[PDB]
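Right, one structure below, let's go through it.
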Amino acid sequence: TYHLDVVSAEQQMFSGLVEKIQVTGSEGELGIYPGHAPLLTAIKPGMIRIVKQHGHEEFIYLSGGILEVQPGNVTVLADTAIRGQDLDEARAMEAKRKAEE
Amino acid sequence: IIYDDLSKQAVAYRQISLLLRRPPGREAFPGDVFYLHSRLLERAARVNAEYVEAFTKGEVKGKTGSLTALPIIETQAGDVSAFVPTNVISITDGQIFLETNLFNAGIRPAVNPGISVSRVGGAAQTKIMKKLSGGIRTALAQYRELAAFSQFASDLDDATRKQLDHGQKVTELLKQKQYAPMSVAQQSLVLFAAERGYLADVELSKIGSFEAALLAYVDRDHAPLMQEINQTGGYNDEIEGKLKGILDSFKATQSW
Amino acid sequence: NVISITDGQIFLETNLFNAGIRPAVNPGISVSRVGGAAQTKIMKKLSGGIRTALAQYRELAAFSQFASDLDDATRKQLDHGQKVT
Amino acid sequence: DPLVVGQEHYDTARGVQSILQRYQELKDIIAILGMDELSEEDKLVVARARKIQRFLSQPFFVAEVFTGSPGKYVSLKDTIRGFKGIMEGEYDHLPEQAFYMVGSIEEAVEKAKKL
Amino acid sequence: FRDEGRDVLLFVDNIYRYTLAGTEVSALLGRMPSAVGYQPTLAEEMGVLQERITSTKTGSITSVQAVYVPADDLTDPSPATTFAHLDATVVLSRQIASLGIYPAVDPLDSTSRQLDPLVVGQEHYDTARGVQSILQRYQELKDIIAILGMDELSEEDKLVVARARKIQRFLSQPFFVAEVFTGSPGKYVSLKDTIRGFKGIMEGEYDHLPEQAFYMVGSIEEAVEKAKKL
Amino acid sequence: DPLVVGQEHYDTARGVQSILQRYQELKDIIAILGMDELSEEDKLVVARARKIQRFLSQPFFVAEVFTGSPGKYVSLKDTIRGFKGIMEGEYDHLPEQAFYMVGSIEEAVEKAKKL
Amino acid sequence: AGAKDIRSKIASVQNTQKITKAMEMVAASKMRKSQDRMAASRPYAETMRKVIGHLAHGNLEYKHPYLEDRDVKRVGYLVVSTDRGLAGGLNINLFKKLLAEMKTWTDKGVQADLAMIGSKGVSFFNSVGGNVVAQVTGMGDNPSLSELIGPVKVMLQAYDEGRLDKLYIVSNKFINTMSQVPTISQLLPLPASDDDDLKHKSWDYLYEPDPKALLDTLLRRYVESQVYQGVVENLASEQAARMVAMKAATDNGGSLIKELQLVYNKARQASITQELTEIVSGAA
């Protein structure tokens, strides 16, 4: 079984040893089985499926982020809110407009 | 015996002393004003049975007689350093100290704990009141410490939030109407409710309703126990069990 | 005694006199019993507002300075009171 | 005395007095804390207290000489309604000066309607 | 009793009442008042009382006098005159009593002008100074614990706190008069035993036995023998 | 008076008094809370008031028996120049100690060169 | 002056002292909670940095505007400040250090640039006239990363447009419970952190969709993460500074009580003496 950590900048969402998971990668859904090959990709917003070791299946919503894999250890670096260039631009303009004031 | 204003007796004695050309003293009072109030109040006491038998030439034998006194004094701006107030505080066995800011806050009667105390203490009380009142003093003292944390928020602590909640609810518990005295059973029942956690869930506005409703309930349904407590003032596990049953029944059944 | 006898009081303060406010009359504690009944009418109109404005300005100045704070109408009132002072 | 004046009058007056004492207690440490470090429970209480204090102020028929404004007359039932109105209705919709020297409750809300 | 050759104790139940009785009598006779309304003879009357209480070549009178300070003001002429005559000063604390510690003497506010090496010796002086320093440092550390918990303390700080707790426990004593309540037999502790006990506790001996072995026991030997089955 | 001593002699003295008087009113908040809670120009008032307080000091020819320092005589056309410059901040860059027991502004800047 | 009003002052100052003691206790507890929130912010940033080191110092070391070093023509600072007073000199010390370095670059002809977290810095650099292009305020004791996105996105846009050549974060450091220090650190271009390993041969990532796209998103996330870490540390530093300030205030209040009481007692004694002199000298 492999050690998985799902983390965010503010808090660590989940961790532990896990048998497999299914995650919505940038190109499509992907299942990370034990001892999987190295990987790096962006992941889409939605539910992702965990099955913890001893078979305890679970759903975690993520607002997006990055997924990485290597033989002993795997982690997901999740975003807190939906990230999009338009939303980021709205936030940036809100900062500028406040700066004029 | 209640002397309505010993201050005014000091004033009248001051006047009559000045008109009689007697030498003036501190704040114009004659030198022996302390002796005035001293020999007056010290008459109040409790005398043993041998004194009574000797005085009455044997017509009464077993009893002990007494005279208890409640003198009243008026302070100016809460100054206790004035001559007459500090004289009589040197004379008496304690003081009930009434504060105008408490009265304005709606705390009525405005008894101010920690600065108002009776030295006789426990010895005066009935067993049940002596047992139950010990917690109230410490709870109110803890309330005074944690009063500073009240207005500024208490969201940053927990056990203290529970101590504060209990202290505030007992502070809300002690107010009373002007002409409604309580028997010892009524007092002890309400105090038992407050101390043993049975008020913990009640919100402050409805604590008053809680007290009114509980007294009505026990006078309707559990009078024999009230009679026995009013007669003996005793306390027992049998009595604590009866009180627990009564409060359980009230919390289960009635609306307050 | 003389405060009890008279029709009014003009209070002159050394803390005002030392801060450059000469003549150092304290508006908050100085009073006139006759009232505007002893004024010409133009002066009556204008002066009415001044007295209240000065007292309120002093109170606001203390409050808002140690608070180190701002609100819009209070700001406007405060810098009108400073200017009339 | 609640027997003499009645419950409405008594509990209204006593509520006003309680509010003002709490205000006096907060007032000193407001100087040190501003309203920045005061809590929300304090902020509602101070709003109510400040506006209640202004609602006490009344222009007198005698004092029109000093003030220019006409003297005002307010009935007991009316002012009990008004102080209960800020006690329970809590009409913080209105500026603080709308409570000042207006007299009646209706004239208070009408002054707020004008400004 | 002094002239018979004994050493005697005289207890005065309140010296302030003696001062006030003198004031009242002086006022009744019509003499002009002084200071804060006291009699003109205040210091003389106090000196007449206090100078008789001394150690002579046949015997001595020691005196223990209850003092009330008006308005909590130590500048008032009655305290100011009385303090000219006192040698030692014992302060009783409500807070110490609440801890269960009896007698409720406060070790940091009670003082005596006999604590000098020149009259009491260097061992006793350094021991008393030591326990005072430990208890004061403990009070400051207890404030630090109140605001930030025990995690802030270093090993040296924890040693200081532990020895301070052992010292505070060791200040309690069972009286021959208190047997009615405790049921423990009363104990009279000689000065040498007290000096040895606080010397040992200060310098790290007896760190290996718990603080409750020191409480209400008596001598330090009795503390260790209490510990063995505690 | 402006007529007796001239407008400079009067304006400098009143500026000195105004600055010092403001220093007094800031002392209670400085006492309770310290200087870091002052406004950013109240800090400047405090700095200039402290410099002024120190420059009022002067070595006397009759105090050599105590201080050991040489004495100083300061004419009018020099002291009002110094205080006017301090008030206007043109000498604000020197440290406080530079103004203690110096005769004229020259001796203060010189003493600041000696730290 | 007058003993009745002096006693009123004594009561007022005593009440003030009690409340400042309470504030000290609260500040300590809040410091604890914010330094727990500080540790949780580490793992995200540090694992992100290991990935970035794997890519950036690996053989596939692309030349990215965020990763490369160029001559300074403009420079920018992201600056963190409190929303609340009573913190002592924390803000002012940080702003002084910032003013020193901002002067040093602008003497080289370099235009300065500012983005402000917290309203105290906004007011201070509006009074100074500093060049502020983005700000966010009112986060209080509950900061969130999503709020920081605005100002950092503005500064980042100016950076990859080539307008800004270097970009710092200005923040205090929570070195200890008892001590903190103001700092200025460069977050862009990416500093040459050691970050050396060769185990990447064994596990090399399969880059979906592209390596460089993933690298860009990683760098943007890293800058966002570092800004959030600085903000949380400055919040913990605020709590500790307010704690020590309230300790000092409580002690000074007690030390003022002990002087007002001497004034009061001397006035009490003098008033009694004078009144009784008038009475006795009044008779006959």
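Chains as they are written, first to last, in my numbering: chain U, 754 to 854; chain L, 19 to 274; chain X, 130 to 214; chain Z, 3 to 117; chain V, 513 to 742; chain R, 3 to 117; chain F, 943 to 1226. Where is the CB? At the ideal position from N, CA and C, for every residue including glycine.
Any Cβ of chain L within less than 8 Å of the Cβ of F/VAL968?
-> yes
Please go through the same chain and pick out, in chain order, the residues whose beta-carbon is closer than 6 Å to the beta-carbon of F/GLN1053, but skip the five residues on each side of it.
-> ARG1016
Cβ of F/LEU1036 less than 8 Å from any chain L Cβ?
-> no
Starting from the N-terminal side, write out each stretch of the beta strand (DSSP E) that is 3 residues or longer and does not extend beyond the region 1086–1133 of chain F.
-> The region 1086–1133 of chain F is shown to contain whole beta strand (DSSP E) runs of 3 or more residues at 1108–1115, 1123–1130, in chain order.
U/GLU780 versus F/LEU1087: straight-line alpha-carbon distance, rounded | Taking the straight line joining both Cα atoms gives about 27 Å.
Per DSSP, cross-strand counterpart(s) of V/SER572 = Paired residues: V/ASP519, V/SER567.
Would you say X/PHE195 faces chain R, with C-beta separation under 8 Å as the test?
-> Chain R contact via Cβ: present.
In terms of residues, what are the limits of the alpha helix (DSSP H) holding U/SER768?
-> Counting along the chain, U/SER768 falls outside any alpha helix (DSSP H), though it belongs to the beta strand (DSSP E) covering 767–777.
Report the option in Z/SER20, Z/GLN23, Z/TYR75 whose CA atom is closest to the CA atom of Z/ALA65.
-> Z/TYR75
Min CB distance F/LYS963 to chain U below 8 Å = With 8 Å as the cut-off, F/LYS963 does not count as an interface residue toward chain U.
Just confirm the distance between the C-beta atoms of F/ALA1100 and F/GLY1000, as a whole number of angstroms; I'd bet it's less than 8 Å.
-> Not quite, the Cβ-Cβ distance comes to about 29 Å (not below 8 Å), so this is no contact.
Output, in chain order, the set of chain F residues within a Cβ distance shorter than 8 Å of Z/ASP44.
-> Neighbours of Z/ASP44 on chain F: none; closest Cβ ~12 Å, over 8 Å.
In terms of DSSP beta bridges, what is Z/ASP44 paired with?
-> Paired residue(s): none; Z/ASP44 is not in a bridge.
Name the chain X residues whose beta carbon is nearer than 9 Å to that of Z/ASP38?
-> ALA196, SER197, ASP198
Quick one: which chain X residues come within Cβ less than 9 Å of Z/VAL67?
-> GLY164, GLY165, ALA166
X/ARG180 - partner residues in DSSP beta bridges = Bridge partners of X/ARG180: none, in fact.
So which residues on chain F does R/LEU35 lean against when the C-beta distance must stay under 7 Å?
-> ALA1191
Check whether the Cβ of Z/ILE31 lies closer than 8 Å to any Cβ atom in chain F.
-> yes
For L/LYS260, which residues from the same chain have a beta carbon less than 7 Å from its beta carbon, with the 5 sequence-adjacent residues on both sides left out?
-> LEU243
According to the Cβ coordinates, are F/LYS1108 and F/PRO1124 closer than 8 Å?
-> no
Verify the CB distance criterion: does Z/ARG16 have a CB-CB separation below 8 Å to chain L?
-> yes
For L/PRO131, which beta-bridge partners are listed by DSSP?
-> L/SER134
CB F/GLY1080 to CB F/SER1023, shorter than 8 Å?
-> no
Per-residue contacts from L/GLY152 into chain V (C-beta, under 9 Å) = The premise fails here: L/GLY152 is roughly 13 Å from chain V at the closest Cβ pair, so nothing lies under 9 Å.
Using alpha carbons as the reference points, say which of L/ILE90, L/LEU150, L/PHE170 lies closest to L/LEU59.
-> L/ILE90
Rounded to whole angstroms, what's the CA-CA distance from V/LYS678 to V/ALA739? Just pull it up for me.
-> 13 Å
Mind reading off the beta-carbon distance from V/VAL603 to V/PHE710? Whole number of angstroms is fine, and I expect it under 8 Å.
-> That belief does not hold up - the Cβ atoms of V/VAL603 and V/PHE710 are roughly 19 Å apart, past 8 Å.
Go ahead and label L/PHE170 buried or exposed: buried means 16 or more other beta carbons lie within 10 angstroms of its beta carbon, across all protein chains shown.
-> buried
Determine the contact status of V/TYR650 and V/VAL672, defining contact as a CB-CB distance below 8 Å.
-> yes
Go to F/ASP1055, then tell me how far its beta strand (DSSP E) extends in each direction, as first and last residue.
-> 1053–1059
Could you check the C-alpha separation between X/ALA191 and L/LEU207 for me, to the nearest Å?
-> 52 Å
Can you give me the start and stop residues for the beta strand (DSSP E) that U/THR794 sits inside?
-> 792–796
F/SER1088 touches chain Z at which residues, Cβ-Cβ below 9 Å?
-> Those within 9 Å of F/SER1088 in chain Z number zero; the least Cβ separation is about 24 Å.
Secondary structure at L/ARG57, three-state DSSP: helix, strand or coil?
-> helix
Measuring CA to CA, which of F/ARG984, F/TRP1047, F/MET1058, F/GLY944 is closest to F/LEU1036?
-> Among F/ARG984, F/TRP1047, F/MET1058, F/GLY944, the Cα nearest to that of F/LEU1036 is on F/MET1058.
Terminal residues of the continuous beta strand (DSSP E) containing F/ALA1076?
-> 1074–1078
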